[PDB]
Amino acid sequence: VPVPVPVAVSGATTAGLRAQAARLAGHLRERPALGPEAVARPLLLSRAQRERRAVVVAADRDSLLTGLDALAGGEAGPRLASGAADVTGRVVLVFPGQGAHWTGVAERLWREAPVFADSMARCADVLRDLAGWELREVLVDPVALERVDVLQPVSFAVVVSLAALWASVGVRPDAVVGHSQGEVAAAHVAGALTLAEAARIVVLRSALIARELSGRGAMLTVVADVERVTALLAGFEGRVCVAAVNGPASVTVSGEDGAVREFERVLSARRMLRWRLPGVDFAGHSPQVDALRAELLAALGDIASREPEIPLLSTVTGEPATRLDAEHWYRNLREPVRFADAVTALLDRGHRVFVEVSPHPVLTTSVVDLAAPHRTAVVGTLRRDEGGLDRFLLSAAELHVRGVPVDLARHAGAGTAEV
């Protein structure tokens, strides 16, 4: 099975970029034995990376030529990234909470990417001790993944391991922000928690949620701002509450299933878009969590933590995190998620590159909405049903083509074929 490589071309203008794509395709068609793996390395390392950039992520000739023909003709393609190399500024890793995971994700990437494999195995060791079960076996089990005590730690392992894979291509955070359970991953990646201690938090908290809350609630994300959602929650006081404010067009609410169903009818009649969070059968960030305060504080006990080595913008407060003690991890579940606030605080401090470290992008459109009108690069990592190294490399390419430093050459192979 051939391995995908990023094949880079660039020009001073869009028309120059398209001409370079045509020229490379022509050169390849004259030389039938020449593969992407022969030319990728010198195209990154021996050529200037100019103002208008593209990458085709391809494992074979035919797929490279398909991409290059599309690029030459000004069309989009599924393994083609292109852009203006005009983004400067500091880098944020964004860690999702619920609703991004898809059954089967991480298995293919474990096979294809040794840095990701390693991190996943390290996660498996810690989770084996804590939870008993075997991480790699659960990845592909749709029944196990509908249990909150399995999904949350699996989700944590995958996002932590994707962050490690980003780091291996030189994409490291200047700051991190984690939405809901993502805050635990963010804290670990920032150096405030060991892998073991972060895993223990997620494992203990998710098991408690499953024992006490699962089956007693639901969560719903709505395409609207919090002012509008708050107006529509008139008459739902203490039945459906705001659980997250993600952006000007993304707000999540939480409550008992029936009550949330009643609110969906309110939305439906007004032609408003909304969806239940996949993997969530409980009312996060609601008064239902109050009961899970005493047992959580006891189970967690004293948290082993230290000062984060880079800024951690909490979605509990919307500000730089203070003490990450048991009470913080309680409030991480009880209090509404202040995601928009945290992202806005980073935008106001010169952050312009946002990498969602997720199986599928769930917060990128909110980051984009918040970032306007600044020049910013906003990317995810994987997508639903696209868990290969090829999808990872396309996300890395999406950064490259906006002028963000990333070591694509790490995965470009050992080719020496010129021009």
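Start at 1 with the first residue shown and count on from there.
As recorded in the PDB entry, 11-19 is the stretch of 11-19 and 397-405 with the greater mean C-alpha temperature factor. As listed in the deposited structure, the average C-alpha B-factor of 164-172 and of 287-295 is greater for 287-295. Comparing C-alpha B-factors across 301, 99, 178, 104 in the deposited entry, the largest value falls on 301. In this entry, the residue among 347, 131, 198, 117 with the greatest C-alpha B factor is 131. Per-chain ranking of the deposited C-alpha B factor places residue 228 in the highest third. Split the chain's modelled residues into thirds by C-alpha temperature factor. Residue 385 is in the middle one.
Placement of the Cα temperature factor of residue 67 within the chain: middle third of the modelled residues, per the deposited record.
Annotation for residue 190: CA B-factor lies in the middle third of the chain's modelled residues. When all modelled residues of the chain are sorted by CA temperature factor, residue 369 is found within the middle third.
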